[PDB]
Amino acid sequence: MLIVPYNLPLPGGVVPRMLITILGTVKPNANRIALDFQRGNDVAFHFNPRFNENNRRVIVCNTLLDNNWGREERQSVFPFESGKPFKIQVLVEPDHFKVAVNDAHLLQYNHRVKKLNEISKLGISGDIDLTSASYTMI
Ligand SMILES: CC(=O)N[C@H]1[C@H](O[C@H]2[C@@H](O)[C@@H](CO)O[C@@H](O[C@H]3[C@H](O)[C@@H](O)[C@H](O)O[C@@H]3CO)[C@@H]2O)O[C@H](CO)[C@@H](O)[C@@H]1O[C@@H]1O[C@H](CO)[C@H](O)[C@H](O)[C@H]1O
Ligand SMILES: [Cl-]
C-alpha cells in the first residue's frame, strides 16, 4: 500500500504516448479524490471526483495558474463507487489528457498548460487506499 498523499515524479514532464496507471480502492463514505498533474506550483490538470456536492456525484477538472483556478470542466458520468476498487488510466495525447476508468473511456481534458515537459509531478490525494501508481510509454 502507498501513503496518501502520494507524489509520483514524472521525469522530464509528460509527452504524448505516456500512460499513467493508478490502482486503488475508494474508502467507504469517501468525499473526494484528486489527481494533480503539477508544473511547479501550478496544476496543469486537476482531476477531482466529488462524491457529495449538493448530494450529487460529479467529476471536476480544472487548471491552477499562479494560484488561480480557471473555468471548471464538469462530467456527470461518475464511474467510481465508495468502497470499491478502481483503475484510472491517464494517456497523454497531443491535444489532451485522455482518462479511462476501469477500462472505459471517461473524459478528455485539452492542454491549457503548453509546456508538457515541465509537468513533472503527479500528486494523488483524497479518500482512497492507494495500491499502485506508475507510468509506461506506449
Ligand atoms: C477546499 C479544497 O477542497 N481545496 C483543495 C482544492 O479544491 C479546489 C479545486 O477542486 C477547484 C477546481 O476548480 O474547485 C474548488 O472549489 C470551487 C468550486 O468547484 C466552485 O463551485 C466554487 O464556486 O469555487 C470553489 C473554489 O474556487 C476547490 O476548492 O484542490 C486542491 C488540488 O487538489 C487541493 O490542494 C486543495 O486542498 C488543499 O491542499 C493543500 C495542500 O495542497 C492542503 O492539503 C490544504 O489543507 C487543502 O485544503
Ligand atoms: Cl505553459
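Quick reminder, even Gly has a Cβ in these numbers, built from the backbone with ideal geometry, and neighbours come from all protein chains shown. Just so you know, all these numbers are worked out from the coordinates, no wet-lab data involved.
Here is how the numbers come out for the structure above:
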quantity: Odd one out for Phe78, checked against (1) in a strand (DSSP E or B); (2) within 16 Å of ligand 1 (Cβ to nearest atom); (3) without any contact (Cβ under 8 Å) to a residue 60 or more places away in the chain; (4) in contact with a strand residue (DSSP E or B) (Cβ under 6 Å, 6 or more places away or on another chain); calculated: (1)
quantity: Listing of strands (runs of 3 or more DSSP E) fully contained in region 7-57 that carry 1 or more residues being of a type in the set (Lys, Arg) and under 16 Å from the mean Cα position of the chain (by Cα); calculated: 33-39, 42-53
quantity: Matching option when the condition is away from ligand 2 (no atom under 16 Å from the Cβ) and touching a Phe, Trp or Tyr at 6+ places or on another chain (Cβ under 9 Å), among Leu2, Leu19, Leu10; calculated: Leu19
quantity: Cβ-Cβ under 6 Å pairs, at least 6 apart or on other chains, region 59-70 side without any contact (Cβ under 8 Å) to a residue 40 or more places away in the chain, far side of a type in the set (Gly, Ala, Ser) and part of a loop (DSSP other than H, G, I, E, B); calculated: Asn62/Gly70
quantity: All positions within region 113-138 that are within 16 Å of ligand 2 (Cβ to nearest atom) and either among the small types (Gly, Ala, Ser) or surrounded by 15 or more Cβ atoms within 10 Å (Cβ to Cβ) (or both); calculated: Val113, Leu116, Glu118, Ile119, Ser120, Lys121
